[PDB]
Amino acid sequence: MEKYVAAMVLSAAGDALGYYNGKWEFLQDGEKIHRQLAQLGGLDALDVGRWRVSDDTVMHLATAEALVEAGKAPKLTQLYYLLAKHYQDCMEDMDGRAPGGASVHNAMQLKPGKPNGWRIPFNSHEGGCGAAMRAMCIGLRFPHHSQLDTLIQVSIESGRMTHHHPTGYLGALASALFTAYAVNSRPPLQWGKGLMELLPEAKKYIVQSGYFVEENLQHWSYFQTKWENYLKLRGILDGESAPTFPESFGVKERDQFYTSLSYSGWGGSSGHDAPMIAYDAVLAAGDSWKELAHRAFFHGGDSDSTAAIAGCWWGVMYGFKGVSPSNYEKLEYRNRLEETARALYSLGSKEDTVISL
């Protein structure tokens, strides 16, 4: 129970903490964020009562609520109607939340109701993190090994309702997949290898689905190459070694590393690097919420987004252990988050099968 509740609540807490009503998301100097954090009394002193969640939580809740509404043994046509509907409707709750461009534009284009009304054309600039930031609960719903093909399909299609570009929707796959791994207590050092092994199954799905096959295949290597290079850097390509971090890896060094991971200069703003930064933070932090926050919530990149992902994976594994109550007790939508988590638990914690397209 607690771990699903923590998954949803701490994902949202991370989003709020990284965001700081826009002040910290858009600060590009991680050292300055850390100084302002110290002046506020440090992470344990932060009270989120007045720290709004951003687009990341509003969309993650929208994915979660659609999964709960679709119920047991759902038809994927029904689940995709609900997802499209929630994604479109939730754009009405983005005031002061700094929504991402593909997210807001394409959610408002959707036509749920029409057969395939949730599909959009391939686009060269739909590689943002907006698909990845809202996908983690898919793993909460479909954690069992038997459901892997379902997790792959739903993460991908949920993503390309707004991000029809492998760098975008493969980020959704990573977010959902690593959540499932966390639910099953798979050691985090194994997770990157799991993703690499499953990319060919994601391709099989994209190919057979039959939409913009050539464009998808032509853009496929970016995601896979960036992840391979990252896993090799950490010494974890094959999932059979503890990670190795650089000697000098303080706040400034991490800002620089995150920028190096990035597509166009804003670290964690894409489908490849949002989950990658969250993962790097989980790997280093272990059971330390504070270390997780310092690495995934407070940096010069797209920090609420890396936070939303990291906080979900971490809460799944550790619950609320060692988290200051002020970091979540008065969090926006706390009640909706807890209620959806419990309903996802009831669905997720007993293995069922979907009716495919």
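A residue's number is simply how far along the shown sequence it sits, counting from 1.
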Q) Got a sec? Mean C-alpha B-factor, which is higher, 328-336 or 24-32? A) 328-336
Q. Once you work out the mean C-alpha B-factor for both 131-139 and 101-109 from the entry, which is higher?
A. 101-109
Q: Return the residue from 80, 279, 223, 245 that has the highest Cα B-factor in the entry.
A: 245
Q | Out of 196, 236, 91, 151, highest CA B-factor residue | A | 196
Q. Taking the C-alpha B-factors as the PDB entry records them, is residue 69 in the lowest, middle or highest third of its chain?
A. lowest
**Q.** residue 56 - Cα temperature factor, lowest/middle/highest third of chain
**A.** middle
Q | Ranked against its chain, the third holding the CA B-factor of residue 118 | A | highest
Q) If you rank every modelled residue in this chain by C-alpha B factor, which third holds residue 180: lowest, middle or highest? A) lowest
Q | For residue 229, the third of its chain into which the C-alpha B factor falls | A | middle
